[PDB]
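**Q** There's a structure below that I have some questions on.
Coordinate-derived values only; no laboratory data. Methodologically, a virtual Cβ is constructed for each residue, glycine included, from the backbone with ideal geometry; neighbour enumeration extends over all protein chains shown.
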Amino acid sequence: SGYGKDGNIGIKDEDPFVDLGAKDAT
Amino acid sequence: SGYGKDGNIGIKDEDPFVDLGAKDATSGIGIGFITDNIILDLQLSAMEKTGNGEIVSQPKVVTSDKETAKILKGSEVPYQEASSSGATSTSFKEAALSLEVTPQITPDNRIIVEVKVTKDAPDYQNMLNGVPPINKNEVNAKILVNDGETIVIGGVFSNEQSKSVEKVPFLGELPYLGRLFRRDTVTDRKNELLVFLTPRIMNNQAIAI
Amino acid sequence: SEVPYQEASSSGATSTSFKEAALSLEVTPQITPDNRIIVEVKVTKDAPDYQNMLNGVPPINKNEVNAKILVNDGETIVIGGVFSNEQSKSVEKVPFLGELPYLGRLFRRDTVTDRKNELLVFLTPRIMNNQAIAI
Amino acid sequence: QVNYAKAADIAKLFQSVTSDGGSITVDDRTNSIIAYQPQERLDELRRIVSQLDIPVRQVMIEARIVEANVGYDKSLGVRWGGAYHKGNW
Amino acid sequence: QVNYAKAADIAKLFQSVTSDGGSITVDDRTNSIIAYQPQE
């Protein structure tokens, strides 16, 4: 996982066009 | 089970693509997984964090000789205890950088000055409206320096060496597996603070003024 | 504008306090012949507090210098001022991947912030006696 | 004029000088004492004044705190459980 | 000049000396006592 703008795609692999869009809104 | 970033795949074997993904979300996870023959998960999860903050602030104050002058650059952290039966502790105090100086000018362009040099800062618990530990770094003292001259009124270096090791003794004993069963957390955080000062006599201009 | 604190404490204390967070100059100039003044000046800038507007515990802003200084009338000096130099670094890194040369940047999270504000106060007194003597 | 000598100290010097055996003027702004009094007393006071006109002595104090804590804790739970023959410690 | 000797102690010494049988100057900054009094 990143930190400055934390990201760890496995955790939300537990959860692409919709999830990443919002996740990556930043 | 690990410790620094604790992991023990048997407990969540009681509970791979979904569980490990979240489990292993953490900064540093090294995942080895077998699932096809058996699900046996072996991860080394490690974190290294480095943060350096340096703040250098210099306030300049023009003061009469043997008189106090004060520069204060801050905000006033209060405490509002409104205690009905006669006490209204609408207290406040400014956590401001400040210099409160009473310089005495001696002929060779020197000053013996009583200087309060304070840095303070609003408290989390105060902003939390809890029990507020406001920050205070303050030196109060009278010292002599020439006008052209800078001295370190004071300063402090804080050297932190912290080590925490968690280890199953038997597996930790194993040479090839102890690293894999010894959890080491070492943190060194060291902050040093130093205050300089230089007084430039304005009499050089004030006598001419 | 006058930032108050209303502590209305039934049994005899009504701290209907207020205080104006106003820019201000409170000057007591003494005029010396060569068009100069030794003045006791309160130079204050203060400002309404978020927590006060929040009705929480209010840290109002205060930048105030109180001092007596001598300048000629035609003359501006810096009563005071301060530069604040902030250097902040925060790095978060999985050690093993951070170690990797090509992936450490991809596994080392750097946040560096430098916010530096400097505040300075000048002053110049122009004697109105030049007009007040003629007045 | 004494920047480094306290005016009160100089006054004490003259007072003791009087004890030995007389106009004093004290200037706060310059910390300068002008004394119109017998020459001998004046000179004695001047010499003492010279001693008094000494800079306040600053010292830099560096006291360092060193704390070292080393900790070892081991706990062993040894466990034998079989319910078939109802033997379990 | 006595850095290690208290000025009050020196004053007590002179006071007892007076008890035996007289100008005293005390310097706080240097802790130095100048006394103009009989040589003995």
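**Q** Can you classify region B:69-209 as rounded, prolate or oblate using the Cα gyration tensor, where a ≥ b ≥ c are the square roots of its eigenvalues, rounded means a/c under 1.5, and otherwise it's prolate if a/b beats b/c and oblate if not?
**A** Since a/c reaches 1.5 but b/c is at least a/b, the shape of region B:69-209 is classed as oblate.
**Q** If you place +1 on the Cβ of every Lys and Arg and -1 on the Cβ of every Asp and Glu, how big does the dipole about the Cα centre of chain B come out, in debye to the nearest 20?
**A** Computed charge dipole of chain B: roughly 640 debye.
**Q** How well do other chains shield peptide C:53-59, expressed as the mean number of their Cβ atoms within 10 Å of each residue Cβ?
**A** Neighbouring Cβ atoms belonging to other protein chains average 6 per residue here.
**Q** Filter the GluC sites (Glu not before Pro) in region B:126-209 down to the DSSP loop ones having no more than 16 other Cβ atoms within 10 Å, then list what survives.
**A** The qualifying sites are B:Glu149, B:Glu160.
**Q** Let me ask another. Once amide H atoms are built 1.01 Å from N in the peptide plane, which residues 5 or more positions from E:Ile33, or in another chain, come under 5 Å H to H?
**A** Those qualifying (amide H under 5 Å, at least 5 residues apart or on another chain) are E:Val2, E:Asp27.
**Q** Follow-up. So which residue, out of C:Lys42, C:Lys93, C:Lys62, gets the largest mean-square fluctuation from a GNM of chain C using Cα contacts under 10 Å as springs?
**A** C:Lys93
**Q** Would you grab the residues whose amide H sits under 5 Å from the one on C:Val82? Only those 5+ places off in sequence or on another chain, please, with H modelled 1.01 Å from N.
**A** Distant-sequence amide H within range of C:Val82: B:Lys60, C:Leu119, C:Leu120.
**Q** Under 1.5 on a/c is rounded, so check that first for region C:20-119, then, if it is not, pick prolate when a/b is larger than b/c and oblate when it is not; a ≥ b ≥ c are the square roots of the alpha carbon gyration tensor eigenvalues.
**A** oblate
**Q** Non-local amide H neighbours of D:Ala5 (under 5 Å, H modeled in plane, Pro and chain starts lacking H): which ones?
**A** Sorted by chain and number, the residues that satisfy this are D:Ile54.
**Q** Can you work out ³J(HN,Hα) from phi for every residue in region D:44-53, in order, using Karplus 6.51 cos²θ - 1.76 cosθ + 1.60 and θ = phi - 60°, giving whole Hz and x for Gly and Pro?
**A** Per residue, the Karplus-derived 3J(HN,Hα) values read 4, 5, 4, 4, 5, 4, 4, 4, 5, 6 Hz.
**Q** Restricting to Cα pairs below 8 Å that are 6+ residues apart, what does the relative contact order work out to for chain C? Please round to a whole percent.
**A** 18 percent
**Q** Something else about it: Which value, in debye to the nearest 20, describes the size of the charge dipole of region B:119-200 about its Cα centre when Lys and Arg Cβ atoms bear +1, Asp and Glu Cβ atoms bear -1, and nothing else is charged?
**A** I would put it at about 260 debye.
**Q** Another question, if that's okay. Which one, D:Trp80, D:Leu45, D:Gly22, projects farthest toward the positive side of the charge dipole computed for chain D from Cβ point charges (K/R +1, D/E -1)?
**A** The one lying farthest along the dipole's positive direction is D:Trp80.
**Q** Could you tell me the center-to-center distance, by alpha carbons, between region D:61-77 and region B:11-81 in angstrom?
**A** Rounded to whole Å, the Cα centres lie 24 Å apart.
**Q** Right, next: Could you work out [θ]222 nm for chain C from helices alone, using -39500 (n - 2.57) per DSSP H run of at least four and dividing by all its residues? Round to the nearest 500 deg cm²/dmol.
**A** -1500 deg cm²/dmol
**Q** Return the sequence-ordered ³J(HN,Hα) values of region B:169-182 in whole Hz as given by the Karplus equation 6.51 cos²θ - 1.76 cosθ + 1.60 applied to θ = phi - 60°, using x for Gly and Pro.
**A** x, 5, 6, x, 4, 4, x, 8, 10, x, 4, 7, 9, 10
**Q** Give me B:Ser162, B:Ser64, C:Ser17 sorted ascending by neighbouring Cβ count inside 10 Å, so fewest comes first.
**A** B:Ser162, C:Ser17, B:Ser64
**Q** Taking every pair of alpha-carbon atoms in region B:16-55, what share in percent sits in each 10 Å bin, from 0 to the bin with the longest distance?
**A** Percent of Cα pairs in each bin: 24, 42, 18, 11, 5, 1.
**Q** Taking the Cα centre of chain D as origin and charging only Cβ (+1 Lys, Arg; -1 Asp, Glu), how large is the dipole, in debye to the nearest 20?
**A** For this selection, approximately 900 debye.
**Q** Which value, in nm² and rounded to one decimal, describes the direction-averaged projected area of the C-alpha convex hull of chain D?
**A** Convex hull of Cα atoms, orientation-averaged projection: 14.1 nm².
**Q** Count the net charge of all other residues whose Cβ sits under 11 Å from the Cβ of B:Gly178, scoring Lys and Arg as +1 and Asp and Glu as -1.
**A** Neighbourhood net charge equals +2.
**Q** Also, quick follow-up: Most mobile of C:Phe122, C:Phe83, C:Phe107 per a Gaussian network model of chain C (Cα springs, under 10 Å)?
**A** C:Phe107
**Q** Take the Cβ-Cβ distance between B:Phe196 and B:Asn52 as r, set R0 to 22 Å, and report the resulting FRET efficiency rounded to the nearest 0.05.
**A** Here the calculated transfer efficiency is 0.60.
**Q** Among C:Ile31, C:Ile79, B:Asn37, pick out the residue whose Cα is farthest towards the positive end of the charge dipole of the protein assembly as shown, where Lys and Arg carry +1 and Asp and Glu carry -1 on C-beta, about the Cα centre.
**A** About the Cα centre, the residue reaching furthest to the positive side is B:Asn37.
**Q** Can I ask one more? Counting other beta carbons within 10 Å of each Cβ, put C:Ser88, D:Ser75, D:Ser50 in order, fewest first.
**A** If I rank by nearby Cβ atoms, fewest first, I get D:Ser75, D:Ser50, C:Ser88.
**Q** Something else about it: Hey, fewest Cβ within 10 Å first, where do D:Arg57, C:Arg36, B:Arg189 land in order?
**A** Least to most surrounded, the residues fall as D:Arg57, B:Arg189, C:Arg36.
**Q** Karplus couplings for region B:135-147 from phi (6.51 cos²θ - 1.76 cosθ + 1.60, θ = phi - 60°), rounded to Hz, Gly and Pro as x?
**A** 7, 9, 10, 9, 10, 10, 5, 10, 9, 10, 9, 6, 4
**Q** Using 7 Å Cα-to-Cβ label points, what is the B:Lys167/D:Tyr84 separation (nm, one decimal)?
**A** Label-label distance for B:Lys167 and D:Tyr84, simple model: 3.7 nm.
**Q** I would also like to ask the following. Distance from a point 7 Å along Cα→Cβ of D:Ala8 to each backbone N in region B:112-126: keep the residues under 19 Å and list them by number.
**A** Residues passing the 19 Å test: B:112-115.
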